[PDB]
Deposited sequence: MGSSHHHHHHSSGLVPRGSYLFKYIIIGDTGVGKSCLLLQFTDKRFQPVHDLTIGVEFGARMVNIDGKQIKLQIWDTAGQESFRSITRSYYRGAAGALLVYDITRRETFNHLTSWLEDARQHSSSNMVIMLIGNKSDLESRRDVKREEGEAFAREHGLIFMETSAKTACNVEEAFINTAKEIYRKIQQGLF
């Protein structure tokens, strides 16, 4: 995919969503863009958001399941303004792989990319395998924002995408982007 010219006065933020297979990356995308959950046929989902009164299009790229069998292509990472780095709170091994995903994002995306750490599947509290505090600590260590989300119930999904956008916008307005 290649996005077109951005209309004057508006913004376009390319997002990526990375993490182990099955953590809910695709469901997060669709919950945000479509407000639906159905346990993706497209390279990306798009949605208009409003940040500081401005029109900002978020174009959220999906890995197309490639991480289940091969490396993620460099083209996927390129030009991203935002990344959700996702693990599944019910599976510790997905939390163990965060450092490796983060290192790849930092190797292949712009240094200015805003990364939010996401512990997904918060609705499965009885199956929790990673404590909230562990996610919080990882985020602090790596200078990331952190939320727990449920793509299923939509808990914190809007906030994850919008708060990431607010931060990108803040960096732009500060010339730090």
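Colleague: From the N-terminus onward, what segments of the deposited sequence lack any C-alpha atom in this model?
Modeller: Those parts of the chain that were deposited but carry no coordinates are 1-9, 49-53.
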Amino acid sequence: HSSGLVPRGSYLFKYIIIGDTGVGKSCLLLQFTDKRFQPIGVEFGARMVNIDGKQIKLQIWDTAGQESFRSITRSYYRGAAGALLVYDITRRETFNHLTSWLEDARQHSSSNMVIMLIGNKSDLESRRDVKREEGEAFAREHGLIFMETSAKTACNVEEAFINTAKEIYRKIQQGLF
From here on, numbers count along this sequence of modelled residues.
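Colleague: Mind pulling up the entry and telling me whether 70-78 or 94-102 has the higher mean Cα temperature factor?
Modeller: Result of the comparison: 70-78.
Colleague: Comparing average C-alpha B factors as deposited, tell me which of 55-63 and 24-32 sits higher.
Modeller: Between 55-63 and 24-32, it is 55-63.
Colleague: Which is it among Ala151, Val49, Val130, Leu117: the one with the largest CA B-factor in the entry?
Modeller: Top of the list by C-alpha B-factor: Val49.
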